[PDB]
Amino acid sequence: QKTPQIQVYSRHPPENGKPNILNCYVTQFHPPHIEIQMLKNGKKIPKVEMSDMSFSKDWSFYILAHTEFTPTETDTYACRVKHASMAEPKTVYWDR
Amino acid sequence: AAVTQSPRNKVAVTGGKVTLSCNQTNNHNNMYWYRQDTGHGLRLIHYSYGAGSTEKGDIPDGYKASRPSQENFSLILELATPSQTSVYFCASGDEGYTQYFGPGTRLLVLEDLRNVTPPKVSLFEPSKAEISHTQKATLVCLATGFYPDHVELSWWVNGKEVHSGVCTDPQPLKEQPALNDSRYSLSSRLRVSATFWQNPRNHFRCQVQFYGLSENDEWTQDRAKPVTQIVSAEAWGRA
Amino acid sequence: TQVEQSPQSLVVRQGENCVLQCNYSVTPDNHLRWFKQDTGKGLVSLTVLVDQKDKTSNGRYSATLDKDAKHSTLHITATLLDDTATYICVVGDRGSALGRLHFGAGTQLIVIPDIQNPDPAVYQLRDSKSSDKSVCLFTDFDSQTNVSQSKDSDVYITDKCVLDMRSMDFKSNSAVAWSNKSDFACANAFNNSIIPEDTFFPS
Amino acid sequence: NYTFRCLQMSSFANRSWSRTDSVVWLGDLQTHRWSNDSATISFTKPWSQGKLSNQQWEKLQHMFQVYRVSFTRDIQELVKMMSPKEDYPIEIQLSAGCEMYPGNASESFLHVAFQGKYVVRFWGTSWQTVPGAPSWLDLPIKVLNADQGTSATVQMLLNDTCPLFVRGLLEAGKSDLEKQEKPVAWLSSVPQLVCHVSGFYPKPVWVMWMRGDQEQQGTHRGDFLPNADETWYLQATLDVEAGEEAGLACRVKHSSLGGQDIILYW
Ligand SMILES: CCCCCCCCCCCCCCCCCCCCCCCCCC(=O)N[C@@H](CO[C@H]1O[C@H](CNC(=O)Nc2cccc3ccccc23)[C@H](O)[C@H](O)[C@H]1O)[C@H](O)[C@H](O)CCCCCCCCCCCCCC
Ligand SMILES: *[C@@H]1O[C@H](CO[C@@H]2O[C@@H](C)[C@@H](O)[C@@H](O)[C@@H]2O)[C@@H](O[C@@H]2O[C@H](CO)[C@@H](O)[C@H](O)[C@H]2NC(C)=O)[C@H](O)[C@H]1NC(C)=O
Ligand SMILES: *[C@@H]1O[C@H](CO)[C@@H](O)[C@H](O)[C@H]1NC(C)=O
Ligand SMILES: *[C@@H]1O[C@H](CO)[C@@H](O)[C@H](O)[C@H]1NC(C)=O
C-alpha cells in the first residue's frame with residue numbers, strides 16, 4: 001500500500017484575469033481506488049476532466065485531472081485526495 | 001481413471017438425512033456433483049478443488065457438500081424433499097478439461113413410507129413344446145407386489161451373471177392402475193439353447209434387488225419391515 | 001439453455017444410418033464431446049472434437065464440429081440394437097479445469113430389430129415350485145406385431161421386448177401374460193392383440 | 001524505437017464485484033481506451049485502427065470482448081482453488097505489447113502483476129513465474145499451462161499479431177508521432193528560482209540556469225509532468241543566496257525551436 005504524490009501546475013504561464021488550465025497529477029499510489037477533487041476557495045469545482053487511469057513501469061498508478069480556471073490575486077486553488085493509504089484527505093494547494 | 005458412488009440406489013422419506021458418497025483413487029484434485037432430470041441436461045450442484053474446499057455450483061439450494069479427503073466427495077441432503085428425486089452423478093478430474101463420471105445414483109424421496117413392500121419372485125420353466133419346436137428354452141421370472149419401482153432384476157447361471165439372451169421389461173407395470181398407492185409387477189426373460197437347459201448341472205437363478213427401508217428407518221405396522229433386500233427364485237436344468 | 005439437440009427423438013430400423021445434431025451458443029467453445037447413455041446407465045464418451053473445423057470417428061460413429069457455426073453432428077452408420085440410448089452433446093468452455101461443462105438435454109434413439117425368420121407361438125410355462133401356477137409367453141413374432149394391454153384388470157400383459165442370444169446371432173421378441181385366476185388360458189391370453197394369422201398354439 | 005503497451009487493470013473486491021479497465025499506449029501517445037462500462041474498445045486517435053480492415057478489427061475486438069469475461073471468471077475460479085491461502089481484495093495488472101526495432105525486428109512481452117508485484121510472464125510457449133514469486137503460484141501456472149488453446153492464441157498474439165498491428169500503427173500515426181510542439185517558459189521564485197517549461201513535444205528537452213556563458217552546477221531538473229493535450233511540462237530549480245538573482249538566465253533547448261533557444265533573464 002503506497003501514498004499518492006500530488007503535483008498542481010498550470011498549463012500556460014499564470015496571468016491574473018486570464019483563462020488558463022490547472023492540472024493535478026496524482027502518482028505513485030496503490031491500490032488504484034482513489035477520490036480526487038479540485039477546489040476553488042475550498043469549494044468543489046464541477047467541470048473536472050479526468051484522464052484514464054494508467055500505470056508506470058514500476059506498476060504504480062497515475063491519473064491526471066485538469067480544469068479551466070482564471071487565476072486572480074485572491075482566489076485559492078487546491079487538489080484534494082482521498083486514498084486508503086491515508087487516514088486524512090491530503091490537500092495540495094496551487095502555488096507558483 | 002475410476003470413480004465409484006454409493007449408494008447406487010436409494011429410497012428415502014421427506015425430511016430424512018441422505019448422504020451420497022463418491023470415491024476416486026486417481027489422485028484427482030477436482031470433484032463435481034451433478035443431477036440429471038428428464039428434459040434437462042446434467043446440472044452442477046456443488047464442486048471441489050481439493051480437500052476441505054467445497055464450492056457452490058449452479059443449483060446448490062437444499063444440498064450441502066463435504067470434502068474430507070482427496071478421495072471422497074459427499075453430497076448431503078439434510079432435509080430430503082420430493083423435488084430431490086433424481087439421478088446424481090459424481091465426477092473427478094485433474095488440471096486438464098476431462099471429467100471422469102461415476103455410474104450414477106438413483107434417488108427417490110417419498111412423502112411417506114407406508115406402502116413400501118418387497119417383491120415376490122417366481123421362476124417359470126421352459127415349455128416342452130418350445131423345446132421341440134425351436135430347440136431353445138425360455139425361462140421367465142416374475143417379480144410382483146412391490147413398491148416403489150426401484151428394483152434391479154438380474155440372471156445368474158452357476159453363480160455368474162448372464163446378459164446374453166436376456167430381456168427385462170423397461171417399465172414395471174401397475175397391478176391396480178386406478179390407484180395412487182399401486183403395487184408393481186415386472187417380468188424378464190432368459191433364453192438359452194435347449195441342451196443348455198437340459199443339462200442338470202446348470203443352476204439358474206432369477207434375482208431381484210429391492211430398494212426399501214434401511215435398518216434405521218422407523219416402522220409402525222404389524223407386517224415385516226420392508227428393508228432393502230434380495231428376493232430370488234431358482235431352478236436346475238433337467239433332461 | 002445454451003446447448004440444443006435435435007431431433008428430440010427418432011425411431012430407426014436396424015441397419016439404417018442416422019444423424020443427430022447439436023447447436024450451441026456457449027462462448028468460448030473449447031471442445032465438444034458426445035456421450036452415449038443407455039437407459040438406467042452412465043455416460044460413455046464416444047468422441048471429443050477440439051478444432052475449429054474438426055472430424056472424428058470411432059467405429060460406426062463419426063462426428064463433425066464447425067465452431068464458426070457452433071454446430072456439431074453425430075453420424076451412426078448401420079445402426080444396431082445396442083445403439084438404442086440417449087445421445088448427449090456437451091460443450092466445454094475452457095481447455096482446463098477452470099472450465100464448466102454445458103450439457104444438451106439429449107436425443108433419444110430407438111432401433112427396431114430386424115427379425116428375419118419369424119416363428120410366432122404362444123407357450124405355457126409352469127412355476128418351478130408350484131404345479132398350479134403358470135404364465136403365457138407369446139414369442140418369435142416380427143416387429144410389425146404390436147402387443148396390446150389386456151381387456152381385464154385381473155389379467156396382466158407386458159409389452160414386447162427383444163432378447164439377443166449373441167453366441168447364436170439370434171434375436172427374438174416376446175411378451176408375457178398371466179392372471180391370478182385359474183379359469184384363464186393361453187389361447188385366450190393374447191386375444192386382445194392383433195397377433196399373426198399363423199401363430200403356433202400347441203396343446 | 002517505439003514501445004507499444006496494452007495495460008489492463010483488474011480489481012476484485014470480493015466474490016461478486018470486479019471491474020476491468022484498459023488503456024493502450026504507443027510510446028507516450030494513448031491510442032485506445034477500454035473502460036469496464038463499455039462493451040467496445042474506443043479509439044483515442046483517428047489512426048488507432050492502424051492498417052487493419054474493418055472486418056479484421058471487428059473480429060479482433062470481438063475476441064477481446066470474450067477474453068475480458070473469460071479472464072474475470074478465471075481469476076475468480078483461481079481464487080477458489082487457492083482458498084483460503086489468498087483472499088479478496090485482489091488487484092491484477094497486465095502489461096502486454098512489443099518493442100519495435102529498426103528493420104524487421106521486434107520483441108514481445110506479457111507481464112502479470114499480482115497485488116502490485118510482478119510475478120508471472122508468458123515466455124516461449126508457456127506461462128512461468130519470475131524470480132521472487134511465491135511458490136503457491138505454481139498451481140495457477142500448472143492450471144493455465146494445461147490450456148493449450150490459450151497458449152496457441154497468446155503465441156500468435158505476441159509473435160505475429162502484435163508486431164504486424166504496430167507496424168501499421170506506425171505508418172498510420174506517423175504525422176502525430178513526429179509532431180513538434182514548442183515549449184513556452186516562465187520564471188518565478190520562492191523563499192529558490194524556478195524555470196517553468198510547458199507545452200513541448202517530444203519529451204527530450206534541455207533546461208539550464210546560466211550566468212552569461214556559464215552553466216550552473218546546482219540546477220535541479222524536476223520530473224516530467226504531463227499536460228492534458230499530450231504535451232509535456234518540466235521545471236528546473238536553482239537555489240541562490242538572496243541578492244544574487246540579477247544576471248541569471250534560464251535557457252531551454254528543444255527540437256521544436258530549430259535551434260533558436262529560449263533565453264529568459266531574471
Ligand atoms: C497481446 C497484445 C497485442 C494485441 C494487438 C492488438 C491491439 C488491439 C488493442 C486493444 C486491446 C485492449 C485490451 C488490452 C488488455 C491487455 C490484454 C493482454 C492479454 C492477452 C491474453 C489473451 C489470452 C487470449 C486467450 C483467451 O481468451 N483465453 C481465455 C479463454 O480460453 C478459452 O477460449 C479460447 C478461445 N478464445 C480465443 O482464442 N480467443 C482469442 C482468439 C484469437 C485472438 C484473440 C485475441 C485477443 C483475445 C482473445 C483472442 C481457447 O479455446 C482456450 O482453449 C479456452 O480455454 C482463458 O480463459 C484465459 O485463461 C484468460 C486469461 C488469460 C490471462 C492470464 C494472466 C495470468 C494471471 C495469473 C493469475 C494469478 C493467480 C490469482 C489467484
Ligand atoms: C513464438 O515465439 C517463441 C519464442 O519467442 C519468445 O517468446 C514469445 C512469446 C515472445 O515474447 C518473443 O519476443 C520471445 O522471444 C517460440 O518459442 C520457441 O518454441 C520452440 C519450439 O516450439 C521451443 O523449443 C523454444 O524453447 C521456444 N523458445 C523459447 C524462448 O522458449 C514459439 O514457438 C513461437 N510460437 C509461434 C506459434 O510462432
Ligand atoms: C463486494 O464488494 C463491493 C465493492 O466494495 C460492495 O459494494 C459489495 O456490497 C460487496 N458485496 C458482497 C456480497 O460482499
Ligand atoms: C464491469 O462490467 C461487467 C460486465 O458488463 C459487469 O457485469 C460488472 O458489474 C461491471 N463492474 C462494475 C463495478 O461496474
# chains A, B, ... in the order shown; residues from 1 in each chain; ligands from 1
>>> select_by_dssp(residues="stretch 57-94 of chain D", states="alpha helix (DSSP H)", output="number ranges by chain")
D: 57-82
>>> residues_around(residues="residue A:1", least_positions_apart="5", cutoff="7 Å", atoms="only C-alpha atoms", output="JSON list (two decimals) with N, CA and C atoms, in the first residue's frame")
[["chain", "number", "residue", "atom", "x", "y", "z"],
["A", 30, "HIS", "N", -1.21, 2.89, -4.78],
["A", 30, "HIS", "CA", -1.82, 1.58, -4.90],
["A", 30, "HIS", "C", -2.51, 1.27, -3.57],
["A", 31, "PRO", "N", -3.72, 0.71, -3.64],
["A", 31, "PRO", "CA", -4.49, 0.24, -4.80],
["A", 31, "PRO", "C", -5.07, 1.40, -5.60],
["A", 85, "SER", "N", -4.57, 4.55, 1.82],
["A", 85, "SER", "CA", -3.24, 4.66, 2.44],
["A", 85, "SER", "C", -3.15, 5.83, 3.42]]
>>> interface_residues(of="chain C", to="chain D", cutoff="10 Å", atoms="only C-alpha atoms", output="ChimeraX atom specification")
/C:27-28,30,50-51,93-99
>>> atom_distance(atom1="atom 20 (C, counted along the ligand's line) of ligand 1", atom2="atom CA of residue D:112")
10.2 Å
>>> select_by_dssp(residues="stretch 112-151 of chain D", states="strand (DSSP E or B)", output="ChimeraX atom specification")
/D:112-114,117-123,126-129
>>> write_last_selection(atoms="C-alpha atoms", output="PDB file, in the first residue's frame")
ATOM      1  CA  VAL D 112       1.484 -10.015 -14.961  1.00  0.00           C
ATOM      2  CA  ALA D 113       1.481  -8.305 -11.575  1.00  0.00           C
ATOM      3  CA  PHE D 114      -0.455  -9.609  -8.524  1.00  0.00           C
ATOM      4  CA  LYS D 117       4.229  -7.167  -7.747  1.00  0.00           C
ATOM      5  CA  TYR D 118       5.494  -8.629 -10.982  1.00  0.00           C
ATOM      6  CA  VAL D 119       5.156 -12.450 -10.667  1.00  0.00           C
ATOM      7  CA  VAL D 120       4.295 -14.082 -13.959  1.00  0.00           C
ATOM      8  CA  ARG D 121       5.063 -13.778 -17.679  1.00  0.00           C
ATOM      9  CA  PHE D 122       4.352 -15.574 -20.903  1.00  0.00           C
ATOM     10  CA  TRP D 123       7.551 -16.750 -22.370  1.00  0.00           C
ATOM     11  CA  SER D 126       4.004 -21.227 -21.713  1.00  0.00           C
ATOM     12  CA  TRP D 127       3.370 -19.193 -18.571  1.00  0.00           C
ATOM     13  CA  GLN D 128       6.131 -19.079 -15.973  1.00  0.00           C
ATOM     14  CA  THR D 129       6.698 -17.419 -12.580  1.00  0.00           C
TER      15      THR D 129
END
>>> atom_distance(atom1="atom CA of residue B:153", atom2="atom CA of residue B:207")
5.7 Å
>>> residues_around(residues="stretch 176-183 of chain B", least_positions_apart="2", cutoff="7 Å", atoms="only C-alpha atoms", output="PyMOL selection string")
chain B and resi 115+145-147+174
>>> closest_atom_pairs(of="chain D", to="ligand 4", cutoff="7 Å", atoms="only C-alpha atoms and all ligand atoms", output="tab-separated table")
residue	atom	partner	partner_atom_place_in_ligand_line	distance
D:17	CA	ligand 4	13 (C)	6.0
D:18	CA	ligand 4	11 (N)	5.4
D:19	CA	ligand 4	11 (N)	4.5
D:20	CA	ligand 4	1 (C)	6.4
D:36	CA	ligand 4	1 (C)	4.6
D:37	CA	ligand 4	2 (O)	5.7
>>> residues_around(residues="residue A:55", least_positions_apart="2", cutoff="10 Å", atoms="only C-alpha atoms", output="ChimeraX atom specification")
/A:27-30,32,52-53,57-63 /D:7-9,23,93,95
>>> residues_near_ligand(ligand="ligand 2", cutoff="6 Å", atoms="only C-alpha atoms and all ligand atoms", output="list in words")
residues 107, 108, 109, 123, 124, 125, 155, 156, 158 and 159 of chain D
>>> residues_around(residues="residue C:25", least_positions_apart="3", cutoff="9 Å", atoms="only C-alpha atoms", output="VMD selection string")
chain C and resid 1 to 4 28 to 29 70
>>> write_last_selection(atoms="N, CA and C atoms", output="PDB file, in the first residue's frame")
ATOM      1  N   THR C   1     -30.639 -21.925 -21.612  1.00  0.00           N
ATOM      2  CA  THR C   1     -30.225 -23.207 -22.262  1.00  0.00           C
ATOM      3  C   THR C   1     -29.394 -22.968 -23.522  1.00  0.00           C
ATOM      4  N   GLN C   2     -28.090 -23.169 -23.390  1.00  0.00           N
ATOM      5  CA  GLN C   2     -27.137 -22.831 -24.419  1.00  0.00           C
ATOM      6  C   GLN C   2     -26.747 -23.974 -25.357  1.00  0.00           C
ATOM      7  N   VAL C   3     -27.265 -25.157 -25.106  1.00  0.00           N
ATOM      8  CA  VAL C   3     -26.947 -26.311 -25.928  1.00  0.00           C
ATOM      9  C   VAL C   3     -28.264 -26.980 -26.329  1.00  0.00           C
ATOM     10  N   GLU C   4     -28.566 -26.951 -27.618  1.00  0.00           N
ATOM     11  CA  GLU C   4     -29.793 -27.553 -28.152  1.00  0.00           C
ATOM     12  C   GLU C   4     -29.523 -28.730 -29.108  1.00  0.00           C
ATOM     13  N   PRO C  28     -16.541 -18.950 -24.574  1.00  0.00           N
ATOM     14  CA  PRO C  28     -15.912 -19.569 -25.748  1.00  0.00           C
ATOM     15  C   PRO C  28     -16.193 -21.077 -25.749  1.00  0.00           C
ATOM     16  N   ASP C  29     -15.929 -21.732 -26.870  1.00  0.00           N
ATOM     17  CA  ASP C  29     -16.194 -23.166 -27.030  1.00  0.00           C
ATOM     18  C   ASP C  29     -14.885 -23.873 -27.318  1.00  0.00           C
ATOM     19  N   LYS C  70     -21.061 -23.020 -34.674  1.00  0.00           N
ATOM     20  CA  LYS C  70     -21.463 -23.622 -33.396  1.00  0.00           C
ATOM     21  C   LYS C  70     -22.455 -24.785 -33.602  1.00  0.00           C
TER      22      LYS C  70
END
>>> decode(residues="stretch 83-113 of chain C", atoms="C-alpha atoms", output="short mmCIF file (atom, residue, chain, number, x, y, z; two decimals), in the first residue's frame")
data_model
loop_
_atom_site.label_atom_id
_atom_site.label_comp_id
_atom_site.auth_asym_id
_atom_site.auth_seq_id
_atom_site.Cartn_x
_atom_site.Cartn_y
_atom_site.Cartn_z
CA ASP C 83 -27.44 -48.23 -30.30
CA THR C 84 -30.80 -47.67 -28.55
CA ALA C 85 -29.99 -44.94 -25.99
CA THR C 86 -29.89 -41.22 -25.34
CA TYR C 87 -27.03 -39.28 -27.05
CA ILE C 88 -25.87 -36.18 -25.19
CA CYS C 89 -23.88 -33.27 -26.57
CA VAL C 90 -21.60 -31.42 -24.09
CA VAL C 91 -19.59 -28.21 -24.68
CA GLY C 92 -16.52 -27.37 -22.51
CA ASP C 93 -15.88 -23.62 -22.28
CA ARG C 94 -12.11 -23.93 -21.36
CA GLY C 95 -9.16 -26.19 -22.25
CA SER C 96 -8.54 -26.71 -18.48
CA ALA C 97 -10.26 -27.42 -15.16
CA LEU C 98 -11.25 -23.72 -14.93
CA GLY C 99 -13.97 -24.70 -17.44
CA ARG C 100 -17.60 -25.54 -16.98
CA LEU C 101 -19.44 -28.24 -18.95
CA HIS C 102 -22.69 -27.32 -20.70
CA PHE C 103 -24.94 -30.30 -21.26
CA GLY C 104 -27.53 -30.74 -24.00
CA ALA C 105 -30.77 -32.44 -22.90
CA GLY C 106 -30.17 -35.41 -25.16
CA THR C 107 -31.61 -37.09 -28.18
CA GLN C 108 -33.39 -40.34 -27.73
CA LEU C 109 -32.67 -43.06 -30.35
CA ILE C 110 -34.74 -46.23 -30.72
CA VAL C 111 -33.58 -49.03 -33.07
CA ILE C 112 -36.09 -51.61 -34.34
CA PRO C 113 -34.59 -55.11 -34.55
#
